[PDB]
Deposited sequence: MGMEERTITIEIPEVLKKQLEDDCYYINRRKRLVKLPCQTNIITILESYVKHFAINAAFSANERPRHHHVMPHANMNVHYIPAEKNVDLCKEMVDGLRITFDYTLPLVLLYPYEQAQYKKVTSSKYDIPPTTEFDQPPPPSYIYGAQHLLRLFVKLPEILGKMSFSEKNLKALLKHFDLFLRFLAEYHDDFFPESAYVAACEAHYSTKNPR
């Protein structure tokens, strides 16, 4: 089985997230001022400079594939496997309002839900059969991203992201 280790800073964050929604009865305000598209855009910039200057790991092109994979994976996953029972009415309401189709989850949700995906990812990645060489390189790129997500946790996860409605 596949394991993707979560930085304990973000493990806590996930526990907080849970407590907020199904206990303190709170919801992330949507759309997030800073959505998943922009979070991912930010990482790519940061990846690119951290290569050029420093000292599959340092591959900026390989990074971009990962990020794009994430936004496709999230778009599909969110309404199926990443919601809490309480968050259901919010999803229905949000997607109901290019050709006037339903905006994709990536343009609506933010860091809170993106992180949830990293819990489900191993399950999902097991079901698509990756080659040995390609999987390791990919899993490493998640670690880097998670490291990045932990390193700037204060900025990506403001408490004011949650709402009482």
Sequence ranges absent from the coordinates, based on the deposited chain and numbered from 1: 1-6, 62-82, 125-132, 201-211
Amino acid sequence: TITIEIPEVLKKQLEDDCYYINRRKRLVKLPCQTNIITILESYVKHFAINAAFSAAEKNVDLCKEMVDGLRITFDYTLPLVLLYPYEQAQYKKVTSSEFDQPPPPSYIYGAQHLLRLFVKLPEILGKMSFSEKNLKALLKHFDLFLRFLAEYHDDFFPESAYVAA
From here on, numbers count along this sequence of modelled residues.
Entry-level comparison of average CA B-factors, 106-114 and 23-31, reporting the higher stretch: 23-31
Higher-scoring stretch by recorded Cα B factor average, 129-137 or 36-44: 129-137
Selection from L121, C63, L70, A51 [criterion: highest C-alpha temperature factor in the record]: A51
CA B-factor placement of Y91, once the chain's modelled residues are sorted into thirds: middle
